[PDB]
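Beneath this line is the structure, given in structure tokens, with notes to follow.
2 protein chains.
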Amino acid sequence: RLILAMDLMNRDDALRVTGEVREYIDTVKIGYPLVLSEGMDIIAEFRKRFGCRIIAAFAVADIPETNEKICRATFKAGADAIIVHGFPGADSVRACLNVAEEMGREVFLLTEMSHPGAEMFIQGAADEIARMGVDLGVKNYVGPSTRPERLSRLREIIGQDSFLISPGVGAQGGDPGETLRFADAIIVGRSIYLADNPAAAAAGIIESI
Amino acid sequence: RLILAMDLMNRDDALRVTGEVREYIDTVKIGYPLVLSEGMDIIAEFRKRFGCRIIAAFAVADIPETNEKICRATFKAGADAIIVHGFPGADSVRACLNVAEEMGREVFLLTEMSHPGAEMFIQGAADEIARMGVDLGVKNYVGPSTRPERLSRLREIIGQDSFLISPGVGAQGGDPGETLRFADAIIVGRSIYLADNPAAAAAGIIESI
Ligand SMILES: O=C(O)c1cc(=O)[nH]c(=O)n1[C@@H]1O[C@H](COP(=O)(O)O)[C@@H](O)[C@H]1O
Ligand SMILES: O=C(O)c1cc(=O)[nH]c(=O)n1[C@@H]1O[C@H](COP(=O)(O)O)[C@@H](O)[C@H]1O
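Just so you know, the sequences run in chain order A and A'. A prime marks a further copy of an entry chain. Counting along the first sequence from 1, when you hit position 176 you're at 189 in the entry's author numbering, and nothing is skipped either side. Counting along the second sequence from 1, when you hit position 62 you're at 75 in the entry's author numbering, and nothing is skipped either side.
Structure (structure tokens):
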């Protein structure tokens, strides 16, 4: 129930840490910090070297036509799933869902974000964003570890059969156990990759739950 | 280093056995016996329910244009890789490789087959089929558990960095340990899925190696 957020920017460090904690995870979330520094080929390299599923954390948030292009390039690169913002609206989300269907991949809908600024505009639209996801047939969602009461409400909207993952554990203040009361899996980045012993940090999280 | 060949024909039995042996495998090989009986949607169902990588054992062996169509449909259905015959020639293999590249997926090249009949025509062409794979950039291969001396020769041609999987273990007479002297992983079907206790059978194989 642990997903590693691999946001280190250099290939050597990213490969080292991911290899050290492989036994504690099954999925690696790779985003722009690593991809823009080392190239999209890093996705296929990780998939091959570690045999883990890869979620591309690209917070897709453009118009439908551009979202389609981003999703196509991302799935061509080997990602198993992509994270898409719901705030830009249904047409933008549908464009991503259409490419995922064409390529046999998945879309994760980012509802409410975990950082403080999410309270300004996203939080007020999050319940409706989750409902839009349900209406569009979305089965995978992202919600905040930092606000378990919001994570509970989002779980209420999407149902027990939807898959919900949650970032904000550790560095941002979220608790593994409390988050897993509602999410199926937790995303952890810095608490593991900036640790003196990433494997010990991962093991500690797994033990705490 | 164990791949389950799930050749049961009904969804209920296939799901039961795969769930029972999940802890001993990481990849499920699904072929036409199950897909033609239950539909291509079974691939996505397995991927979701078990979180395993799926190799579509479709022994692709048609002209380039048709191979492209088969690969596209197979990857759209969610398969992570597809098994392609090398005997029909380089253009037929290249067509599959092109679709795999477009979709961020992989091709496994079937060189020499494991059954007795493979000695009639395939065996005599197998070394050249493997060399053709190397020339085309193929990195994943299938070779016979039933003939470890042939598996050794094929490993010699493709190199240590290529990934080699091998069927024919158990029912067809192949030995897990001897096969793993050359292959990276073994494929096992009947010895596990027809057993009175599939999990015990899988565990026994893992223990024997
Ligand atoms: O889209 C995301 O992955 C994301 C959404 C969100 O609301 N909050 C959030 O933290 N993330 C990401 O999840 C990861 C969390 O990393 P840490 O705070 O280091 O554990 C980072 O890659 C973030 O960019
Ligand atoms: O393409 C294959 O997967 C295949 C190639 C080959 O040379 N030999 C071979 O047995 N297979 C398949 O691998 C599986 C082996 O199953 P069992 O003999 O029951 O363990 C079946 O799905 C076969 O169709």
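A virtual CB, placed ideally from N, CA and C, is assigned to each residue, including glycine.
By the CB criterion at 7 angstroms, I55 of chain A' and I67 of chain A' fall outside the cutoff. Counting C-beta pairs with one atom in each stretch, the region 211 to 222 of chain A and the region 27 to 47 of chain A' have fewer than three that are closer than 8 angstroms, which means they do not touch. Under the 7 angstroms criterion on CB atoms, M53 of chain A is classed as non-interfacial with respect to chain A'. Counting only runs of at least 4 residues, the region 138 to 193 of chain A' fully encloses the following alpha helix (DSSP H) elements, listed from N- to C-terminal order: 161 to 171 and 189 to 192. Taking the Cα positions, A113 of chain A' is about 13 angstroms away from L122 of chain A'.
Secondary structure of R118 of chain A' (DSSP, three-state): coil.
A direct Cα-Cα distance of roughly 33 angstroms separates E81 of chain A from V34 of chain A. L177 of chain A and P180 of chain A' have their C-alpha atoms spaced approximately 37 angstroms apart. The CB of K82 of chain A' never comes closer than 9 angstroms to any CB in chain A; the least such distance is about 14 angstroms.
A distance criterion of 6 angstroms places the beta-carbon of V201 of chain A' in contact range of ligand 2, judged by its closest non-hydrogen atom.
For the region 87 to 104 of chain A, residues whose beta-carbon sits nearer than 8 angstroms to a beta-carbon of chain A' comprise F88, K89, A90, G91 and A92. Each of A:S158, A:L17 and A:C109 was checked against the Cα of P129 of chain A, and the nearest Cα belongs to A:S158. Considering only A:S175, A:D209, A:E141 and A:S221, the residue with the shortest C-alpha distance to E125 of chain A is A:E141. For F88 of chain A, the enclosing alpha helix (DSSP H) has its first and last residue at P77 to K89.
In terms of CA proximity to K61 of chain A, A':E119 leads the group A':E119, A':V106 and A':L193.
Distance from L193 of chain A to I199 of chain A at the Cβ level is roughly 6 angstroms; contact confirmed, criterion being Cβ atoms closer than 8 angstroms. Taking the Cβ of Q136 of chain A' as the reference point, every heavy atom of ligand 2 lies at 6 angstroms or farther away. By the neighbour-count criterion, in which 16 or more other beta carbons inside 10 Å mark a residue as buried, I205 of chain A' falls on the buried side. In the displayed model, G64 of chain A falls within coil according to three-state DSSP, outside both helix and strand.
The straight-line gap separating the alpha-carbon atoms of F134 of chain A and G156 of chain A is approximately 15 angstroms.
Placement of the Cβ of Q185 of chain A' at a distance of 6 angstroms or more from every heavy atom of ligand 1 is found. Taking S221 of chain A as the centre and dropping the five residues before and after it, the same chain places the C-beta of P189 and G190 closer than 7 angstroms to its C-beta, in chain order. In the three-state scheme derived from DSSP, where H, G and I count as helix and E and B as strand, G44 of chain A is classed as strand. Excluding sequence positions up to five before and after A74 of chain A, its CB lies within less than 6 angstroms of the CB of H98 and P101, all in the same chain and listed in chain order. In the DSSP annotation of this structure, the continuous segment of the alpha helix (DSSP H) that includes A216 of chain A' starts and ends at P211 to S221. Residues are counted here when their Cβ sits less than 8 angstroms from a Cβ of chain A; for the region 34 to 46 of chain A' these are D39, given in chain order. No heavy atom of ligand 1 is found nearer than 6 angstroms to the CB of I43 of chain A'.
Secondary-structure assignment with DSSP links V34 of chain A through no beta bridge to anything.
Under the three-state reduction of DSSP, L21 of chain A is assigned to coil, being neither helix nor strand. Ranking A':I38, A':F88, A':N23 and A':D26 by CA distance to the CA of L17 of chain A' puts A':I38 first. For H128 of chain A, there is no enclosing beta strand (DSSP E), as DSSP gives it neither H nor E. In chain A', no part has a C-beta under 7 angstroms from the C-beta of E132 of chain A; the shortest such distance is about 33 angstroms. Counting the other Cβ atoms within 10 Å of the Cβ of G91 of chain A gives 16 or more, which makes it buried. Between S105 of chain A and the set A:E36, A:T87, A:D93 and A:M145, the nearest pair of CA atoms involves A:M145. In the displayed model, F195 of chain A' falls within coil according to three-state DSSP, outside both helix and strand. The shortest CA-to-CA distance from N153 of chain A' to any of A':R160, A':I171 and A':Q136 is the one to A':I171.
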